[PDB]
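We begin with a single chain expressed as structure tokens, specifically the form deposited in one PDB entry.
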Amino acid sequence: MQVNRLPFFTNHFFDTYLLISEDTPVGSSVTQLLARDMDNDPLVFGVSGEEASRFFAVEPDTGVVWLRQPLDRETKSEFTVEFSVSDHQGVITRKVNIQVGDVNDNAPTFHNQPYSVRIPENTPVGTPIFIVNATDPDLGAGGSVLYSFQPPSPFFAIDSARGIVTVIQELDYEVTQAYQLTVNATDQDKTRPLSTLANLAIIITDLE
């Protein structure tokens, strides 16, 4: 009489990790579980665990793993998932670390709005008058912000890296009493840069 031999997974990803990009569409296959059984038993595959089960589904007869709901690296960047395989007499499980790959999917968000500053008409050329800041949660170039005025102003400049606004031309209250500038904060993603606008009000105060 031969006692049952339980099945065993063969995927090499169990020895390292599995990488799934956060832009993977729901319903899409992400990998296929592979297993062997010394009795040549037909095997049934599944996923175990409350949270894992909400993100991943498994075709029972093939072991194909597919995405049950969208991933979001900015909400959860990795999962430890427990997969199962059964030969109808016993069930064995094994865990894999799943890393969620980043894509540029956030635009920058500005800090400390609203933006408004009052400056005297006699503010010298070169004077830093305001500092804008925005952040962006995506990785790498997708999270590195550049600032600009859209369009450029002949009276004010903004440092593209630091967000520091300076006067670049002598002001004249009787010509313009207030400026409404549009600040653009963009990430630097190569293929799909994302950006956000903020208003900066610059109020000129009279001397006479």
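Whichever C-alpha set is largest while still superposing within 1.5 Å between the two forms counts as the rigid core. Numbering starts at 1 and runs along the sequence shown.
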Inset, instruction - Give the stretch, out of 45-53 and 146-154, with the larger mean C-alpha temperature factor in the deposited entry. - result: 45-53
Inset, instruction - On mean C-alpha B-factor from the PDB entry, just flag whether 172-180 or 157-165 is the higher one. - result: 172-180
Inset, instruction - Can you pull the Cα B-factors for 113, 123, 106, 86 from the entry and say which is highest? - result: 123
Inset, instruction - Could you look up the Cα B-factor of residue 97 in the entry and say which third of the chain it sits in: lowest, middle or highest? - result: middle
Inset, instruction - Name the third of the chain's ranked CA B-factors that contains residue 60, choosing lowest, middle or highest. - result: middle
Legend entry - Cα B factor band for residue 137 (lowest, middle or highest third within the chain): lowest
Legend entry - Where the record places residue 71 (Cα B-factor, split into thirds across the chain): highest
Legend entry - residue 131 - Cα temperature factor, lowest/middle/highest third of chain: lowest
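The same protein has a further form, the form deposited in another entry, not shown here; the description that follows concerns it.
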Legend entry - Only residue that shifts (Cα, 2 Å or more, rigid core superposed) between this form and the one not shown, among 43, 158, 145, 181: 43
Legend entry - Core-aligned C-alpha movement of residue 10 between this form and the one not shown reaching 2 Å: yes
